[PDB]
Structures are given as structure tokens and as C-alpha cells.
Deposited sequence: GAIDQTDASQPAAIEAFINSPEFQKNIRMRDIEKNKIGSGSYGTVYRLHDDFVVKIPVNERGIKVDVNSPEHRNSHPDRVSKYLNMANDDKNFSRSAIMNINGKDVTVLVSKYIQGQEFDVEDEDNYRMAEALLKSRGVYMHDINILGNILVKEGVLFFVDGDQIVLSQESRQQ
């Protein structure tokens, strides 16, 4: 039998021609990255539309493989194709997790998440800010931006 996520993906609900406004009520998060929607009780879909469409987590296939590894669960997420406003678009589908953000800045919390990840082959790094890189006469400068992460090592 197919995994639960694959069953959702083959469901008529997922394979229908979707209008962005008809799923506004299922929105749960959006940004320059795209928009996240709870389109089933157990799953969310990240649609690449910038309020819309380098960007964060650019290719669903690679993100999906990283999320599957990080959660040690081969059925956590899938890349898939959805029809959005008459157009075929690659989206990221993953298990919906009902819960609250983990405060990974607290140092014990940090170790817990870090050790768990490492045992699954993933190396975690906090993000302090994002910035852009400028070069002036061979010299690098770091300004407020959004192209790389910069965190205290």
C-alpha cells in the first residue's frame, strides 16, 4: 500500500484545478519564500507563490529529502505537482505538525535538537541574521540583506 502522504497526493482533492482564493482559508503561513496551506487534516502544502513566482529552500525534491532524513521518516514529505490557477507547479507536501516552536536558543534545548539531528546525519546551525555580500576594490563587506545566513560560530 502507498504511504499516507502518497494517498493524499493521489486523492482527487489534491489533483483538482486549484484557485488560490479558494484555499485562502487554509493558509497558515506565507512570505517571500511562498505560502503554506493545510489542505488535509494531516498534511500541508507549500506553494511557490510570492504574495508570485535565489530563494530559500529552492527545490522541493532536495528539501523533501532533507526533511525525510532530519525526521528519520521516509514518509514525511514529497515533492509533487499541483495545478494552481491553470498552471502545473512543483510543490512540497509534508505531514502537518500541530505544535509550538522549539526555543533552540536556550542552550540545553540547543544540545537536545543538535544531538538528535546528528544521530540522523544532519548538522544543525542556528541562524542569527541574513545578509548580502558586497565587494569593493577586492574587499568584502556584509550588509543587511537576504542571500546568505550569518550566525555566530
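Visitor: Identify which parts of the deposited sequence carry no C-alpha coordinates, going from the N-terminal end onward.
Guide: Unmodelled stretches, in sequence order: 1 to 9, 61, 64 to 70, 171 to 174.
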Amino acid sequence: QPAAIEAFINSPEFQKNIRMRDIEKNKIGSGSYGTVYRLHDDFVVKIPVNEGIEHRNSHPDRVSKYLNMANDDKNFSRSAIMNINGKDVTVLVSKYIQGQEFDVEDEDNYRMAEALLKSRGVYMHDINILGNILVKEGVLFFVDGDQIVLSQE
From here on, numbers count along this sequence of modelled residues.
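Visitor: Taking the recorded C-alpha temperature factors, which stretch has the higher mean, 5 to 13 or 21 to 29?
Guide: In the deposited entry, the stretch with the higher C-alpha B-factor mean is 21 to 29.
Visitor: Which is higher on mean Cα B factor in this entry, 31 to 39 or 86 to 94?
Guide: Mean B over CA atoms: larger for 31 to 39.
Visitor: Using only the C-alpha B-factors in the record, can you name which of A70, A115, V44, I53 has the highest?
Guide: Comparing C-alpha B-factors across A70, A115, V44, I53, the maximum falls on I53.
Visitor: Would you mind checking where the Cα B-factor of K65 ranks among the modelled residues of its chain, as the lowest, middle or highest third?
Guide: Ranked within chain, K65 CA B lands in the lowest tercile.
Visitor: Using the B-factor values recorded in the entry, state whether the Cα atom of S119 falls in the lowest, middle or highest third among the modelled residues of its chain.
Guide: According to the entry, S119 has a C-alpha B-factor in the chain's lowest third.
Visitor: Looking at the temperature factor on the CA atom of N109, which third of the chain's modelled residues does it land in?
Guide: For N109, the deposited C-alpha B-factor lands in the middle third.
Visitor: Ranking the modelled residues of this chain by C-alpha B-factor as given in the entry, is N57 in the lowest, middle or highest third?
Guide: CA B-factor rank for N57: lowest third.
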